[PDB]
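Just the one chain here, laid out as structure tokens, in the form deposited in one PDB entry.
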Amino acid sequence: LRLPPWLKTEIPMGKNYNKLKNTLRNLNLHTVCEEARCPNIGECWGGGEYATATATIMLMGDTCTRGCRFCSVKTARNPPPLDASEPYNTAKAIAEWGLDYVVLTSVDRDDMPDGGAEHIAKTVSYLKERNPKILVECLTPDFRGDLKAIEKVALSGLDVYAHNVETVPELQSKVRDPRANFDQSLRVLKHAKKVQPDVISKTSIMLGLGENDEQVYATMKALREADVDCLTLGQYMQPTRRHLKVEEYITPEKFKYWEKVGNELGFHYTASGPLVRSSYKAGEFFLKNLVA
């Protein structure tokens, strides 16, 4: 039982924030920020000085078919069916918020035959046809290694294909649902590079789940052997009392250390920090390292 000082946040202020909160409920859309109970809700939904207010619309309802021990998203054996209006409504809300860079995600839908690859592809197609110059990033589930489902999402005009390994291989069974493993998540990023050679790969790992420095180095080196472009490192924080406890709060100085090691291995950009999540300032990192 440890409580750190550099992981404290603020209660959401509603100057530019209720516009996003009321838009999500007008179109009956969900987001991963509210379900996962992220502390960076105020920073991401409301730019302090000059940061475009962004979000992460979570598709296919607020209930996941999987139960990951680090995630507080609701889990049900059979979630409600797909909403056909979700891909169309999402494209409107994103263009309404004036985003030049948007990142989309969704819960796992193991009950769907394609796992929702066609539903995600229609959300990107409606969003790119409406605004061709907007940048889209998809945090894709593993689809249980369905190479056809991964190909369908990667060929939807995607700019950055994102699928997270979450933690080191030795902690896959304790942290993630058994339907997800380390080698499977790598085959999601590898196959996206084969079907779409010009795509940008991106993944996120979490620290504080019992991993050591030796295990983390082998994971990043294996990701570079998978030709993964981008990497994200962040401190795992306990969502609810029912989920896993934090094992070790990584120091911000060591968080900065892995940023140099990522630059050594050749990662196109390594975003590391205690509060750094997958989509945390994703558009800002794109403008600083991926445009030449």
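What we label the rigid core is the largest C-alpha set whose atoms superpose within 1.5 Å from one form to the other. Sequential numbering from 1, following the sequence displayed.
The following text describes the form deposited in another entry, which does not appear among the structures shown.
Taking the core as reference between the shown form and the other one, the lone member of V228, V246, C33, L59 whose Cα moves by 2 Å or more is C33. Once the rigid core is used as the reference frame, the Cα position of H268 differs between the shown form and the other one by less than 2 Å.
Once the rigid core is used as the reference frame, the Cα position of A282 differs between the shown form and the other one by less than 2 Å. Superposition of the core reveals a Cα shift of 2 Å or more for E43 between the shown form and the other one.
Distance between the C-alpha atoms of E34 and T240: longer in the other form than here (change of 3 Å or more). An increase of at least 3 Å in the separation of the C-alpha atoms of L29 and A84 is found in the other form, compared with the displayed form.
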